[PDB]
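Peer 1: so I pulled this structure from the PDB, and the sequence comes with it:
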Amino acid sequence: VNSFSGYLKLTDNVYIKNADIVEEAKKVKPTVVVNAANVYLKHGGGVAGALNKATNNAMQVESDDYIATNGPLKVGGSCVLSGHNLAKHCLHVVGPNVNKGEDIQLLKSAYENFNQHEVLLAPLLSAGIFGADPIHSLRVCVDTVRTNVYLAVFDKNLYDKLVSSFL
Ligand SMILES: OC[C@@H](Nc1ncnc2[nH]ccc12)[C@H](O)c1ccc(Cl)cc1
C-alpha cells in the first residue's frame, strides 16, 4: 500500500492520472520522481523546466555540477540525483527528442531505467516537447517497465485519449 491517489490501473504495475507532476510530487513526496531530462541536464522547459522551477533552481545547480564532473548522459540513459523538496530522489531519464532527430527505438532503453526502482512517479517519456506520440510512449512503458509506475499526465484532453485508446 502506498499514498498515490486517484489513479486508473492499466496493468498489474502501471497506473495513470490526470495531474501536474509538480503538484503530485509535492503532495506524495515519492521516493523517486522521474524527470524528462536531456543529455546536458539543462532543465529549460517541459516537465524538466517545471520541476526545476519548483526546486527554486536547486535542481539546475546540482545538475551543472554533475555534468561538470561526469559529462553528458546518453540518450536512453539516466542518473540519480537529489529530489530536493519534491521527492527523495530524482531519476533524470533521457528519452529521445524527435524534434532533434533522435531514434525513437531508444525509448525502450529509456524506460528500462525505471526497472531499477521499485516505485516511481513519472511522466510519459519523449512526450510533450520531445515530440513523440504519447500513445506509443504509454505502450512502450507498459511493455517495458515491470516495477510500479504512477504516470502523471498534465493535459486533461490527452489523458482521456490515452485511457480510451488503451489496449
Ligand atoms: O509527456 C509529459 C507532458 N508534460 C508534463 N506531464 C506531467 N506533468 C507536467 N508538469 C509540467 C509539464 C508536464 C508532455 O510534455 C506534454 C505536454 C503537453 C501536451 Cl498537450 C502533451 C504532452
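Peer 2: Structure received. Numbering: from 1, shown residues only.
Peer 1: residues in contact with the closest residue to the ligand within the chain?
Peer 2: Here the residue of the chain nearest the ligand is residue 128; by Cβ to the nearest ligand atom that distance is 1.4 Å. From N, CA and C alone the C-beta is placed, and that goes for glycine too. Residues near residue 128 by Cβ atoms under 8 Å, 6 or more residues apart in numbering: 36, 46-47.
Peer 1: what is the nearest of those residues to residue 136?
Peer 2: residue 36 (15.3 Å; Cβ to Cβ).
Peer 1: what's the neighbour count on that closest one?
Peer 2: For residue 36, the number of neighbouring residues by other Cβ atoms under 10 Å comes to 28.
Peer 1: in contact with residue 106, which residues?
Peer 2: Taking Cβ under 8 Å, 6+ apart as the criterion, residue 106 is in contact with 75-76, 95-96.
Peer 1: mind giving me a markdown table with these and columns for distance to the ligand?
Peer 2: Conversion of the contacts of residue 106 to a markdown table gives the following (distance: Cβ to the nearest ligand atom, whole Å):
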| residue | distance to the ligand |
| --- | --- |
| 75 | 16 |
| 76 | 17 |
| 95 | 9 |
| 96 | 13 |
